[PDB]
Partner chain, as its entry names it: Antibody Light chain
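Here we start with a single chain on its own, the form solved without the partner chain, put down as structure tokens.
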């Protein structure tokens, strides 16, 4: 009925493991989800990670130009390896930061989209998940493709995701299938911020 203030961050894998066709599908998914979630008091922020980290837009930048598709469409793929834990650290320290437009008292939600296991990262999940919990970041994770077929591999999604992991993890077989979880992700976020 009424939507409370939420600072919603996306952290998207830009590893060379993602072919250009699939990077474009991820960009369309982030664009569409941000359009569907856009409510009066909602700000968005986007970081791409590989072995490098790019802030495409802060919450303050989104407040100044609240047009998700215009902000996401021009993004170029970083390529390289998959430093998912350092990505989560930079989201918590850099995006959820008053100086970058994050708001006191808003919900803090992160959506991670990963195509593969963490590799090359000097940080473990044990170095970054406690701080994300301390800062109150609700983490949804989307594991795309065959990387996430095995139980061992799904444990990494459970490690990223907020508890209970079954309510915060999505797995899709490929990037074209990202559209199939748009409604579920929207309804979970609206259940957090919606006050009847």
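Residue numbers count along the first chain shown, from 1.
Below, we refer to the form solved in complex with the partner chain, which is not included among the displayed structures.
- At least one heavy atom of residue 81 is located within 4.5 Å of the partner chain in the bound PDB entry.
- Although the partner is absent from this view, residue 116 contacts the partner chain in the bound PDB entry, with a non-hydrogen atom inside 4.5 angstroms.
- Interface residue remark: residue 51 is counted as part of the site for the partner chain in the bound PDB entry, having a heavy atom within 4.5 Å.
- Taking the partner from elsewhere, residue 169 is found to have every heavy atom lying beyond 4.5 Å of the partner chain in the bound PDB entry.
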